[PDB]
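Engineer: how would this look folded up:
(one chain, ligands or ions: 2)
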Amino acid sequence: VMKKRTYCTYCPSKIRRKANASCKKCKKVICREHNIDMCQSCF
Ligand SMILES: [Zn+2]
Ligand SMILES: [Zn+2]
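Structural biologist: Residues are numbered from 1 along each chain as shown. Ligands and ions are numbered 1, 2, ... in the order given. Take a look:
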């Protein structure tokens, strides 16, 4: 059920920002333009 995980989970799907980073604790992929490696919803 983990689809569209090529695009930053913090970025809206209409924006389509490629996720170069991924938050390890939740495995949600993120753009460094939003969060550096770790998503704000963890720790
Ligand atoms: Zn983003
Ligand atoms: Zn996270």
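Engineer: OK, contacts around the residue minimising distance to the centre of the chain?
Structural biologist: Compute the mean C-alpha point of the chain, and by C-alpha atoms, centre = their mean the closest residue is residue 30, 2.1 Å away. Contact analysis of residue 30 by C-beta atoms under 8 Å, 6 or more residues apart in numbering lists 8-10, 19, 21-23, 37, 39. In short, each C-beta sits where N, CA and C put it, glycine included.
Engineer: In CSV: those, plus secondary structure, neighbour count and distance to ligand 1.
Structural biologist: Formatted as CSV, those follow (DSSP: H, G, I helix; E, B strand; the rest coil; neighbours: other C-beta atoms under 10 Å; distance: C-beta to the ion, whole Å):
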residue, secondary structure, neighbour count, distance to ligand 1
8, coil, 26, 3
9, coil, 21, 8
10, coil, 19, 4
19, coil, 21, 7
21, strand, 18, 9
22, strand, 16, 12
23, coil, 21, 11
37, coil, 11, 13
39, coil, 22, 10
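Engineer: TSV please, covering those and showing distance to residue 2.
Structural biologist: As requested, these are arranged in TSV below (distance: C-beta to C-beta, whole Å):
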residue	distance to residue 2
8	14
9	10
10	16
19	12
21	16
22	11
23	13
37	18
39	15
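Engineer: which among those gets closest to residue 1?
Structural biologist: Comparing the contacts of residue 30 against residue 1 with C-beta to C-beta picks out residue 9 as the nearest, at 13.5 Å.
Engineer: which residue sits closest to residue 36 in space, ignoring its chain neighbours?
Structural biologist: Leaving aside its chain neighbours, residue 36 sits nearest to residue 21 (7.0 Å; criterion: C-beta to C-beta, 6 or more residues apart in numbering).
Engineer: quick one: that neighbour and residue 33 touch, right?
Structural biologist: No - with contacts defined as C-beta atoms under 8 Å, residue 21 does not count as touching residue 33, sitting 9.6 Å away.
Engineer: For the chain, which residues are neighbours of ligand 2?
Structural biologist: Of all the residues in the chain, those in contact range of ligand 2 (C-beta under 5 Å from the ion) are 23, 25-26, 39, 42.
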